[PDB]
Amino acid sequence: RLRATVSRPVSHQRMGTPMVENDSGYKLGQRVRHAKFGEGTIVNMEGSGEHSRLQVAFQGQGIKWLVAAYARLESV
């Protein structure tokens, strides 16, 4: 029915998605997946909530800082 969704092949992830057992903050040791940086392991994090930044060790590059609210990582 010509729905106005994203034309980018990406699952719309955000704080408030109808995901069963959705996180309220990423946990350390979790494996993440992102088409921008690849897959990584969250080794550290800063703060909590929207201003939370995650230090993700991407095995294809290195540790990066991802602002949790805008990061929106998918769990492997």
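For PDB author numbering, count along the sequence shown from 1 and bump the result up by 644.
Each residue gets a CB set at the ideal place from its N, CA and C atoms; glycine is no exception.
Paired residues, beta bridge with residue i - DSSP
i	result
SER719	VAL676
For residue j and residue i, the rounded distance between their alpha carbons
i	j	result
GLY693	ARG647	31 Å
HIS678	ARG658	14 Å
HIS656	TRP709	21 Å
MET663	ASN688	24 Å
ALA713	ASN666	13 Å
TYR670	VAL654	20 Å
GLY691	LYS680	23 Å
Residue i, enclosing beta strand (DSSP E) - first and last residue
i	result
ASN688	682 to 690
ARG647	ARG647 -> no beta strand (DSSP E), and no H or E assigned at all.
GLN699	697 to 702
**Request:** Decide yes or no for the touch test of the segment 678 to 690 against the segment 702 to 712: beta carbon pairs closer than 8 Å, at least 3 of them.
**Result:** With contact defined as three or more Cβ pairs closer than 8 Å, the segment 678 to 690 and the segment 702 to 712 are in contact.
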